[PDB]
Amino acid sequence: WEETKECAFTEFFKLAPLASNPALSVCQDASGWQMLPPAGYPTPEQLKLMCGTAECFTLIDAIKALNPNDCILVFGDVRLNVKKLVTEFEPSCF
Ligand code: NI
């Protein structure tokens, strides 16, 4: 994956449909991990809760559906590659 190159700022606007996705607040509330605003990669306890929550799978797939680019999303001191995150999530649960 791309580990250095930053996303264009428009990458944030690509995330807009998640605000109309009911899986968003279910996953965030259940796990404590936030996509909006981005908290970055899940912490270990977060990931454990996400992997046991159906709606988190739904959300991650929803994010996949947005065609995230292979770049680093920067939000203050938060840095993550969303494309990497969503692609590696399911195996990360196993
Ligand atoms: Ni790489």
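Residues numbered from 1 in each chain as written, not as in the entry; some residues may be left out. Heavy atoms only, no water.

- The chain has the name sylvaticin in the PDB entry, where Pythium sylvaticum is given as its organism.
- Here the entry title, as the record gives it, is "Crystal structure of Sylvaticin, a new secreted protein from Pythium Sylvaticum".

**Looking at the coordination of the nickel ion**
- Binding of the nickel ion to the protein goes through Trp1 (N) and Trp1 (O), at separations of 2.0 to 2.1 Å.
- Within the secondary structure, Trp1 is located in the segment before helix 1 (11-14). (Donors = N, O, S within 2.8 Å, 3.2 Å for Na, K, Ca; no water. Helix = DSSP H or I, 4+ residues; strand = E, 2+ residues; numbered from the N terminus.)

**Let's talk about the packing of aromatic side chains**
- Overall, the coordinates contain 4 aromatic pairs when judged by the stated rule.
- Seen in terms of ring centroids, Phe9 and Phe13 are 5.9 Å apart; in terms of plane orientation they differ by 80°. Their pairing is edge-to-face. The pair formed by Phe9 and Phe13 is uniform in burial state, with each residue classed as exposed.
- Linked through ring pairs, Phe9, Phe12, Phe13 and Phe75 together constitute an aromatic cluster. (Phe/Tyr/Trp six-rings, centres within 6.5 Å; stacked < 30°, edge-to-face > 60°. Buried < 20%, exposed > 50% of the residue type's maximum accessible area, 1.4 Å probe, protein only.)

**What to know about unusual backbone geometry**
- Residue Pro37 follows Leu36 across a cis peptide bond; omega there is -5°.
- Secondary-structure assignment places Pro37 in the loop between helix 2 (22-31) and helix 3 (44-51).

**Digging into the pairing of strand 1 (residues 72-75)**
- Sheet topology places strand 1 next to strand 2 (residues 78-81); 4 bridges connect them, and they run antiparallel. Residue pairing across strands places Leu73 opposite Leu80, the latter belonging to strand 2. (Pairing = 2+ DSSP bridges.)

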